Each structure stands twice: as structure tokens, then as C-alpha cells.
There are 2 protein chains.
Amino acid sequence: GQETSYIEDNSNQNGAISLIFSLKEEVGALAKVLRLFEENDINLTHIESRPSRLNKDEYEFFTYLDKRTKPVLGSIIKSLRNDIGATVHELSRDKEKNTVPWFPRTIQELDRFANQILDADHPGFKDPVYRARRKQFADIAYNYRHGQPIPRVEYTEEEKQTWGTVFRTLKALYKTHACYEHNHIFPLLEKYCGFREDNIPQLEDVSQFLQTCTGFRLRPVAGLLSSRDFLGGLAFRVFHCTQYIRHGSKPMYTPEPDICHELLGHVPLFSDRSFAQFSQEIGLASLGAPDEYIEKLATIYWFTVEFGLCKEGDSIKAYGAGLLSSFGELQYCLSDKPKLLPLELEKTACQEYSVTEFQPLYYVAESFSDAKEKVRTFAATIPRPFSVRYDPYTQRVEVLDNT
Amino acid sequence: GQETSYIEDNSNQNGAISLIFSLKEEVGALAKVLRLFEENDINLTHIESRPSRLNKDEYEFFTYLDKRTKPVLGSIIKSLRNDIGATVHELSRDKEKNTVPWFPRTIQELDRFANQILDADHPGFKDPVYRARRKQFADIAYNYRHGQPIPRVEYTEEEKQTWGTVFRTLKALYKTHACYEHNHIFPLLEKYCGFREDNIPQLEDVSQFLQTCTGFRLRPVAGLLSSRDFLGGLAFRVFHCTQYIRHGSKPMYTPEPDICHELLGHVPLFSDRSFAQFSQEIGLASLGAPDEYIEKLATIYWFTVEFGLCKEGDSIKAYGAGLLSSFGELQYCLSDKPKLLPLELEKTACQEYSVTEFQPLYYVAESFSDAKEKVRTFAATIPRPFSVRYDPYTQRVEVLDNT
Ligand SMILES: [Fe+3]
Ligand SMILES: [Fe+3]
């Protein structure tokens, strides 16, 4: 009702169900559990057992199931609760009564709904060459799987020209408008990632560089993802980003985020430990959060990662990605025209807004570290039967009970 | 002078030199530094700059150089110190006057001396088929590079039989002799890693399972590595391990560690967060440590990871890898014959011993967590111009100055 950046999630015909539960070791305990699944016509391939990372005498179970196993899940949970003796949380992509909204527990699980993507008013609409080019990029994303290198693509002189145009203009604004962290990293992206006016950087190169900075990594995505899916990725320090470029007809406009927006507005700040931790905090807070709060986190993300400004002493600079990759609004956000408010999540979370250019008002963050803590605080109010934390060693989410 | 487990390191014809230093951002600062290298005939390929993980206004430099750049390094360091203005630490594989013993800073750098490996009295010596088989495994290791999957190998029925023999005997001793953590994980290795009496598990499978538990990973190695090189790997939660198996002639003896020793004595405990942290602590303490302390850490490792026992209430169980993979000594270590001493690093570090079977005395650790703290404490006494820490996100070692 304003065309916001919030995108409700969708479930496939199979959806996804995950039973979170641990089990203290006992003679025949492990065999009992697995037998319980196996006996219910559940391929033990979707059943994984690992040593608990919290308690040395427990086992953590991971179940990769879907709506197909719904008819038996009930009895299985009852058995676990009453007979075997375990605390179980049911995750469901369909978010039904008594189930927690599904979220990936392992980095590999980001493959599941990575292809769940959202024309006539958009440039390149009636361009066959462009429409074909776009499908090519969408297919690279569709076929992508975690852990794989990101397919390199040779861009056309025309495309590189479109990039050049956007680059030049922004590069001439950064010094005076971009927050310190952005200006700090950019020179490295220029030196080691091919970030030039006459060159479109390859996603693989950018990804490897990011991992080497904050452990952040890219994942080619076909188009827009649901807010839940996209924000959740951040929890794993994974940035779902596009590989295509806007239509060369209008180099200063994009109905959606293209390679120019991703590389110039996002990448620099994801290379900063402070910003990476802050953005990850938003993702961790989205894990299993109710739709109502995903939307609120979506709004918070919009007024921060996308369109946020930050104090730089007595000065105010921009760090929002939608600002750092748009010369027009980058100049406008720091003008005497927009209304500024201090970052306050309870307020920001319910801030009304539209996706059209030149935002009427912006929120100013004290620092990325302050913003992060504010997110942590806000997350505590999000209704979920437990708390989450990311394990960079195993690249798996740790589900500890509410604190 | 007793044939200990300590192996002094060796340098190639090129060796390795790394200049650790950071630089606060300043107009022309970055360009100055890189120009300084470039002007000294140093390919800027061996010069890498990244955002400092500690201070948002600094850059961390990584230099992949070798003895070839020795004639110019002097002036370069002077320039950095006096002219540019930076604190530099020089790492050298040759450990010369005023240089710190070299160690990898990134996980990829473990490739450098991974192939630096250490017959007539050993079974299979005069066996051409075996000697050929061994070279095959050595070559898989020689050609291995970090990040690659570990080549799978089809083992012979004879080899599998040798494994079976060792397996059966040990499996029948674990319940009563193995520490809780080992017995806790084993059932999972049996269920998900092909750990059976009639099957030799593949290193890739074991590695993927380990990463999923404690972030630990395997790296096929040709033979014995220097203590410095091997212990240092632990800092990255990387276990350099063999892929070959002992000669089928003597299934209960191995002049060196084979797949049986690695998989049955090491892997289970590396899947335990507590043990992983403890072993990593030993590796981090070896980073840049003087030879004298590498040797001491080697002895500590021997009386812990290799041949250690731990309190399990009023009981005493075994967790040492050389014990958990040797039925004979596994039975002996818990007998009334060996002399037991409480783990005390100052003492243990200088404990005299030989590599022959059946150790006269063993050291008992309170727990893996206690042992870990003891290692931390001991490490503080190790002479190094700074302290280290591992970053699991970037998989790089963090060099913070002494605390
Ligand atoms: Fe964006
Ligand atoms: Fe060993």
C-alpha cells in the first residue's frame, strides 16, 4: 500500500519442514530416534545427527523434510516429546499454527529457496537482445549452488559503457558524500577487484575479496527474493546479489537492483567488519521471526543498509546502498531538503515510506556498532521460542533457548 | 637423543619471508607503500592490502616473498619504519637474527610447505607393490591444494582387511578405555562416515563431517611434517593427515601414523568442540614461536593429543590418539603399571621420553577445557613480538600486539 521493499515469502509445492531438537546420549537413544523416522517412511537421508556444540553429552538433529512428511510428523513429534524425551521446534515454510517460520540452519540450506524470485514499464522490455541477455544471468543464478565458483561473464562494450557512466558520476561524489568506511575500502576494490570506469568486476573476484575481509560472500540471484529469504542470508554473511546490468538506454535508472547497485553501493561496506556485523545482526533477527517482524526488519533495513546516513563527527555522511549507487539521491540526501531523524528502531520499524526516488526523510545512525546493538535490542522483542547465533566454524546457525 | 616426536623445520631454496605491518589511511599512503615495493623490483603480486580487522582506519598488508627479495628488504623495512611510518615484523622460514620464525597467515598459505616431508627396518620395504601404492598416496598429497576435494581412493580387500583387524580390536576396548567424548562421537562416524570393520572411510567424507562439527578440516599429507608446520596447521583447525595404510604383514605396527591412526585415534576427538579448541590453542601458541618452544609444544602435544589421559570423575580414561588407535598400549595405559602425573605444562614441557611403544609415564588432564587454559597460560611465556588469534570468518590469523 505504498509499494514498500517488503516482500512476503512463498512456499513451493513441497515447501520445507525442519525439526529442531537435541538428544542426550543414552544406550539405544540415537537408534531409537532414527528408527522412529525410518519406521514412518522417512528416508534417513533427510535425517542428520551431529554432536551438540553446546552440550558435550547431547546430539543435535537436522531434518530436511517437506510437506510430504506432514501426515506422520505429528506422531513423530509426540513420540520425541513424550516417549523419547526431547524438546522439539517445528519449522515450516508455510508458517502454520504451532510451527515456527522456516529458516536455513546450515549455509548450504540457502540453496532451497534461492531460486524463489518475484516488465512493460521497464526499459529493455521490448528489447529481445536484452531480454535474452537477462535470461542468461537468471540461469546462471538458477543453476548456482553454494560452494561453487560464480560463473564469469564477458560483458559487452555497451554494458561496460553503462557501468562507466554510473561509476564516473558516483566516484566524483564519494569523497564528500560517502561515509568513511566506504571511502576506506573503495581504493582496494579499485586496486584488487578491477573496480574501474572501463571494467565491470566479476562476482567471483568480489566474493573472494569479501570473504578475505569479513567472511562475507556473494551468491548470484535471479531477481528479487522475499524479505525473509534475503534478510536471512545476511545471518550467514551471505549477500544474494544480481549479476546483470541495467538497460543501456537509461544508465541512471533501475526498477530493480543491478550489478551497479550491488557492487558500488553494497560491496564496499560489506568489506568492513563493523558493517558486516551490523547487517548480520539484522539477518539473525529475521531467523524464524513472524511475518509482522520480517516486515518491520525490512523497513529497518531500508532505512539503514539501503538508505541510511551516519554521523561522522559534526558531519553527516551516507552509507545506504541505494544512496551510494545513485548520484542524484546521493546529492539530495545530504541537501537541506530532506528531513532527518535519529535512528530509533521502535519508530523506524513502523516508518511509512515508498520506493520512489528521493526519500522525504532519512534516519541517522550514531555508528554501525550502535546501530548493531539497537538491532540486537529490537530483536529481543521478536517473538520466537529461542534465540539464534551463527557459528562461522561450522557455518551453521546455533539455536540456543531464549535468554 | 631419544628419538622424540620433535622435528626441526627445513627451508627450501626460496624459503619464505612475510612482512607483517599495518598502515593508517592517508592521502597517498597506500600508493606510497605499493610504490615502495614496485620500485624495488618486487612484483606487486606478492603484495596484498586489506582493510584492518582491528582498526577501521588502517590497512593490513600481506607479503608473499622469499629469500630472493632479501637484498632489498632491508631498505624497504627502513623506509616503512622511518619514512612511511609503520610497525613491521619480519617473518622468515630461515629464522635469522631479528626475524620471527615464519608461519602462514592465511589458510591458503598452508600450501607453501605442506610438501616438506621428512625404510629398511619397516615392513613393506622390500614390497614393490606396496612401495608403489605408497608413492600413489604421496602424490595425491603432493598435488593437493587447499579448498580442493580430497581425491577418493578405492582400497584393496587386503588393505580393508588390515583396517578391519585394527578396528575390531579397538572397538572392543573403547567402551571401557576411551574418554567420553570419543565414545560420544564414534557412533556418528560409524553411521555417517562409513566407519565400519569392512570399510576404510574416505578422507573427503571425514573432512566434510569434521567441518560440520567443529570447523576442523583434513589436508592429505605425504608423510611426517616438521613440528612447527604440523602444529601450526592446528591453529587453522586443519589436520594434516595420511591417507595410506600400514603394510598388511604387520597389522598392529606402524613406524609412522597411517590412516588407521588418523581416523580412529584423531578424528573422533576433533569432532568435539572442546577438544578442537584445545588442540587449536596448541597451534596458535606455535605461531612464530622459537624452535626451543616448538620442541616444548611438541612434547606437550605428545603427552596430550598423542598420549594423554583424562579424569572422568573418579575414573581415568584415554584420549591420546596414539592410545585410541593402539589396542596394546590402550590396555596398558590404564593398567597398574604406568606412572601417572597431573598435567603441568612447565614440567610436561620438559618431560623426557622416547617414541617406542608402552610409555613409562602419562600425564592426566583435568578436562580439555582446563588443559586448553593451561596451554594459553604456557603460551604467554613464549617469546614473540605479538600475540595471535584465528579469524574463522576470513580464515586468517590476526596478529594483535602482546597483551
Ligand atoms: Fe539493495
Ligand atoms: Fe598423531
# chains A, B, ... in the order shown; residues from 1 in each chain; ligands from 1
$ interface_residues --of "chain A" --to "chain B" --cutoff "7 Å" --atoms "only C-alpha atoms" --output "list in words"
residues 50, 51, 53, 185, 211, 212, 213, 214, 215, 273, 392, 393 and 394 of chain A
$ select_by_dssp --residues "region 12-178 of chain B" --states "helix (DSSP H, G or I)" --output "ChimeraX atom specification"
/B:29-38,67-84,107-111,128-142,157-177
$ residues_around --residues "residue 333 (chain A)" --least-positions-apart "2" --cutoff "10 Å" --atoms "only C-alpha atoms" --output "list in words"
residues 177, 307, 308, 309, 316, 317, 318, 323, 328, 329, 330, 331, 335, 336, 337, 338, 339, 340, 358, 359, 360, 361 and 362 of chain A
$ residues_around --residues "region 163-175 of chain A" --least-positions-apart "3" --cutoff "8 Å" --atoms "only C-alpha atoms" --output "list in words"
residues 159, 160, 178, 183, 196, 197, 198, 199, 200, 245, 251, 252, 260, 264, 324, 325, 326, 327, 330 and 331 of chain A
$ residues_near_ligand --ligand "ligand 1" --cutoff "7 Å" --atoms "only C-alpha atoms and all ligand atoms" --output "list in words"
residues 257, 261, 262, 266, 306, 321 and 322 of chain A
$ write_last_selection --atoms "C-alpha atoms" --output "tab-separated table (two decimals), in the first residue's frame"
chain	number	residue	atom	x	y	z
A	257	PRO	CA	18.93	-3.58	-8.17
A	261	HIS	CA	23.85	-1.08	-7.31
A	262	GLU	CA	25.31	-4.25	-5.80
A	266	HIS	CA	26.83	-2.69	-1.15
A	306	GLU	CA	19.60	0.76	1.82
A	321	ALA	CA	23.42	1.30	-0.59
A	322	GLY	CA	20.57	2.90	-2.51
$ residues_around --residues "residue 119 (chain A)" --least-positions-apart "4" --cutoff "12 Å" --atoms "only C-alpha atoms" --output "mmCIF file with C-alpha atoms, in the first residue's frame"
data_model
loop_
_atom_site.group_PDB
_atom_site.id
_atom_site.type_symbol
_atom_site.label_atom_id
_atom_site.label_comp_id
_atom_site.auth_asym_id
_atom_site.auth_seq_id
_atom_site.Cartn_x
_atom_site.Cartn_y
_atom_site.Cartn_z
ATOM 1 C CA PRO A 123 13.446 -0.160 -20.264
ATOM 2 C CA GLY A 124 14.731 -3.127 -22.268
ATOM 3 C CA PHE A 125 11.223 -4.560 -22.059
ATOM 4 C CA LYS A 126 10.770 -4.636 -25.826
ATOM 5 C CA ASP A 127 14.476 -5.352 -26.354
ATOM 6 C CA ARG A 131 15.610 -9.883 -22.575
ATOM 7 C CA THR A 254 16.776 0.767 -12.495
ATOM 8 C CA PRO A 255 13.338 -0.588 -11.470
ATOM 9 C CA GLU A 256 15.360 -3.135 -9.527
#
$ closest_residue --among "B:100, B:294, B:269, B:88" --to "ligand 2" --atoms "only C-alpha atoms and all ligand atoms"
B:269
$ residues_around --residues "residue 382 (chain B)" --least-positions-apart "3" --cutoff "7 Å" --atoms "only C-alpha atoms" --output "PyMOL selection string"
chain B and resi 289+293+379
$ residues_around --residues "residue 116 (chain B)" --least-positions-apart "4" --cutoff "10 Å" --atoms "only C-alpha atoms" --output "PyMOL selection string"
chain B and resi 9-12+111-112+142+221-226+229
$ write_last_selection --atoms "N, CA, C and O atoms" --output "compact mmCIF listing (two decimals), in the first residue's frame"
# COMPACT_ATOMS: atom_id res chain seq x y z
N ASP B 9 62.28 -27.80 11.58
CA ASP B 9 61.85 -27.43 10.24
C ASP B 9 63.00 -27.17 9.28
O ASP B 9 64.13 -26.90 9.68
N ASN B 10 62.68 -27.25 7.99
CA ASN B 10 63.65 -27.02 6.93
C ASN B 10 63.13 -25.95 5.98
O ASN B 10 61.92 -25.75 5.86
N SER B 11 64.05 -25.27 5.32
CA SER B 11 63.69 -24.22 4.38
C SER B 11 64.09 -24.65 2.98
O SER B 11 65.09 -25.35 2.80
N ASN B 12 63.31 -24.25 1.98
CA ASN B 12 63.60 -24.59 0.59
C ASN B 12 64.72 -23.69 0.10
O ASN B 12 65.40 -23.04 0.90
N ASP B 111 49.71 -24.28 2.02
CA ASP B 111 50.15 -24.99 0.82
C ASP B 111 51.68 -24.90 0.68
O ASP B 111 52.33 -25.84 0.24
N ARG B 112 52.23 -23.75 1.06
CA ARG B 112 53.67 -23.47 0.97
C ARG B 112 54.62 -24.61 1.31
O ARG B 112 55.37 -25.07 0.46
N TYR B 142 51.01 -34.50 -2.50
CA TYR B 142 51.88 -33.53 -3.16
C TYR B 142 51.09 -32.58 -4.06
O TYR B 142 51.32 -31.37 -4.06
N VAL B 221 48.51 -35.40 3.56
CA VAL B 221 49.93 -35.12 3.65
C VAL B 221 50.73 -36.37 3.27
O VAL B 221 50.33 -37.49 3.59
N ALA B 222 51.84 -36.17 2.57
CA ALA B 222 52.68 -37.27 2.10
C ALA B 222 53.29 -38.10 3.22
O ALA B 222 53.23 -39.33 3.18
N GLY B 223 53.88 -37.44 4.20
CA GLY B 223 54.49 -38.14 5.31
C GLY B 223 54.56 -37.23 6.51
O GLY B 223 53.73 -36.34 6.67
N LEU B 224 55.57 -37.43 7.35
CA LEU B 224 55.73 -36.60 8.53
C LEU B 224 56.16 -35.19 8.16
O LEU B 224 56.98 -34.98 7.27
N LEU B 225 55.58 -34.22 8.86
CA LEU B 225 55.89 -32.81 8.65
C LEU B 225 56.71 -32.34 9.85
O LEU B 225 56.78 -33.03 10.86
N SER B 226 57.34 -31.17 9.73
CA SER B 226 58.10 -30.63 10.84
C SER B 226 57.08 -30.31 11.93
O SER B 226 55.90 -30.10 11.63
N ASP B 229 55.45 -26.90 11.36
CA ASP B 229 54.47 -26.93 10.28
C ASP B 229 53.19 -27.65 10.67
O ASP B 229 52.09 -27.20 10.37
$ select_by_dssp --residues "region 159-376 of chain A" --states "strand (DSSP E or B)" --output "list in words"
residues 178, 196, 199, 217, 218, 219, 220, 238, 239, 240, 241, 309, 310, 311, 312, 315, 316, 317, 318, 339, 340, 341, 342, 361, 362, 363, 364 and 365 of chain A
$ write_last_selection --atoms "N, CA and C atoms" --output "PDB file, in the first residue's frame"
ATOM      1  N   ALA A 178      30.203  10.099   0.731  1.00  0.00           N
ATOM      2  CA  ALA A 178      30.277   8.747   1.279  1.00  0.00           C
ATOM      3  C   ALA A 178      30.895   8.671   2.675  1.00  0.00           C
ATOM      4  N   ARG A 196      36.960  -0.441 -12.024  1.00  0.00           N
ATOM      5  CA  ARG A 196      37.377   0.693 -12.840  1.00  0.00           C
ATOM      6  C   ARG A 196      36.191   1.236 -13.625  1.00  0.00           C
ATOM      7  N   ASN A 199      35.570  -1.108 -16.658  1.00  0.00           N
ATOM      8  CA  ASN A 199      35.511  -2.533 -16.374  1.00  0.00           C
ATOM      9  C   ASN A 199      34.467  -2.928 -15.346  1.00  0.00           C
ATOM     10  N   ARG A 217      30.223 -13.334   1.645  1.00  0.00           N
ATOM     11  CA  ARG A 217      30.278 -13.988   0.351  1.00  0.00           C
ATOM     12  C   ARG A 217      29.058 -13.659  -0.493  1.00  0.00           C
ATOM     13  N   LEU A 218      29.233 -13.704  -1.807  1.00  0.00           N
ATOM     14  CA  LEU A 218      28.141 -13.429  -2.728  1.00  0.00           C
ATOM     15  C   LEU A 218      27.503 -14.715  -3.225  1.00  0.00           C
ATOM     16  N   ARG A 219      26.252 -14.601  -3.643  1.00  0.00           N
ATOM     17  CA  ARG A 219      25.509 -15.721  -4.199  1.00  0.00           C
ATOM     18  C   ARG A 219      24.690 -15.117  -5.335  1.00  0.00           C
ATOM     19  N   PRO A 220      24.985 -15.503  -6.582  1.00  0.00           N
ATOM     20  CA  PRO A 220      24.209 -14.930  -7.683  1.00  0.00           C
ATOM     21  C   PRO A 220      22.735 -15.261  -7.533  1.00  0.00           C
ATOM     22  N   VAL A 238      26.059 -13.897   3.926  1.00  0.00           N
ATOM     23  CA  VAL A 238      25.879 -14.210   2.518  1.00  0.00           C
ATOM     24  C   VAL A 238      25.009 -13.142   1.874  1.00  0.00           C
ATOM     25  N   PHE A 239      25.529 -12.523   0.821  1.00  0.00           N
ATOM     26  CA  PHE A 239      24.805 -11.481   0.113  1.00  0.00           C
ATOM     27  C   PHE A 239      24.270 -11.987  -1.224  1.00  0.00           C
ATOM     28  N   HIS A 240      22.952 -12.115  -1.320  1.00  0.00           N
ATOM     29  CA  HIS A 240      22.329 -12.549  -2.560  1.00  0.00           C
ATOM     30  C   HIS A 240      22.379 -11.318  -3.449  1.00  0.00           C
ATOM     31  N   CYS A 241      23.113 -11.388  -4.553  1.00  0.00           N
ATOM     32  CA  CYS A 241      23.188 -10.230  -5.428  1.00  0.00           C
ATOM     33  C   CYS A 241      23.104 -10.538  -6.918  1.00  0.00           C
ATOM     34  N   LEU A 309      21.990   7.168   6.762  1.00  0.00           N
ATOM     35  CA  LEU A 309      23.037   8.185   6.871  1.00  0.00           C
ATOM     36  C   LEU A 309      23.662   7.998   8.248  1.00  0.00           C
ATOM     37  N   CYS A 310      24.907   8.409   8.413  1.00  0.00           N
ATOM     38  CA  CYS A 310      25.549   8.232   9.700  1.00  0.00           C
ATOM     39  C   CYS A 310      26.368   9.439  10.109  1.00  0.00           C
ATOM     40  N   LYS A 311      26.455   9.653  11.416  1.00  0.00           N
ATOM     41  CA  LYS A 311      27.212  10.763  11.967  1.00  0.00           C
ATOM     42  C   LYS A 311      28.703  10.513  11.801  1.00  0.00           C
ATOM     43  N   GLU A 312      29.417  11.531  11.350  1.00  0.00           N
ATOM     44  CA  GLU A 312      30.854  11.429  11.172  1.00  0.00           C
ATOM     45  C   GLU A 312      31.434  12.650  11.862  1.00  0.00           C
ATOM     46  N   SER A 315      29.626  16.090  11.263  1.00  0.00           N
ATOM     47  CA  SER A 315      29.133  15.885   9.909  1.00  0.00           C
ATOM     48  C   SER A 315      28.187  14.697   9.788  1.00  0.00           C
ATOM     49  N   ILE A 316      27.533  14.607   8.634  1.00  0.00           N
ATOM     50  CA  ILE A 316      26.604  13.526   8.337  1.00  0.00           C
ATOM     51  C   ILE A 316      26.917  13.006   6.941  1.00  0.00           C
ATOM     52  N   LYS A 317      27.294  11.732   6.866  1.00  0.00           N
ATOM     53  CA  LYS A 317      27.633  11.100   5.601  1.00  0.00           C
ATOM     54  C   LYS A 317      26.637   9.999   5.272  1.00  0.00           C
ATOM     55  N   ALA A 318      26.720   9.476   4.055  1.00  0.00           N
ATOM     56  CA  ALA A 318      25.806   8.421   3.629  1.00  0.00           C
ATOM     57  C   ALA A 318      26.469   7.045   3.569  1.00  0.00           C
ATOM     58  N   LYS A 339      14.209  15.583   5.482  1.00  0.00           N
ATOM     59  CA  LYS A 339      14.010  15.635   6.924  1.00  0.00           C
ATOM     60  C   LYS A 339      14.806  14.497   7.558  1.00  0.00           C
ATOM     61  N   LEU A 340      15.560  14.809   8.609  1.00  0.00           N
ATOM     62  CA  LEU A 340      16.382  13.814   9.292  1.00  0.00           C
ATOM     63  C   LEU A 340      15.896  13.469  10.694  1.00  0.00           C
ATOM     64  N   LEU A 341      15.940  12.182  11.019  1.00  0.00           N
ATOM     65  CA  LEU A 341      15.532  11.701  12.329  1.00  0.00           C
ATOM     66  C   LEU A 341      16.611  10.776  12.863  1.00  0.00           C
ATOM     67  N   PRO A 342      16.775  10.728  14.191  1.00  0.00           N
ATOM     68  CA  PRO A 342      17.797   9.853  14.769  1.00  0.00           C
ATOM     69  C   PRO A 342      17.297   8.418  14.712  1.00  0.00           C
ATOM     70  N   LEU A 361      12.398  11.578   4.070  1.00  0.00           N
ATOM     71  CA  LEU A 361      13.126  11.571   5.336  1.00  0.00           C
ATOM     72  C   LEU A 361      14.112  10.415   5.467  1.00  0.00           C
ATOM     73  N   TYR A 362      15.169  10.656   6.234  1.00  0.00           N
ATOM     74  CA  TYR A 362      16.209   9.664   6.469  1.00  0.00           C
ATOM     75  C   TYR A 362      16.465   9.518   7.965  1.00  0.00           C
ATOM     76  N   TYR A 363      17.015   8.372   8.357  1.00  0.00           N
ATOM     77  CA  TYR A 363      17.342   8.114   9.754  1.00  0.00           C
ATOM     78  C   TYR A 363      18.852   8.131   9.899  1.00  0.00           C
ATOM     79  N   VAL A 364      19.341   8.845  10.906  1.00  0.00           N
ATOM     80  CA  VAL A 364      20.778   8.936  11.134  1.00  0.00           C
ATOM     81  C   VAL A 364      21.227   7.993  12.249  1.00  0.00           C
ATOM     82  N   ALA A 365      22.216   7.158  11.941  1.00  0.00           N
ATOM     83  CA  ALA A 365      22.753   6.205  12.906  1.00  0.00           C
ATOM     84  C   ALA A 365      23.997   6.784  13.559  1.00  0.00           C
TER      85      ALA A 365
END
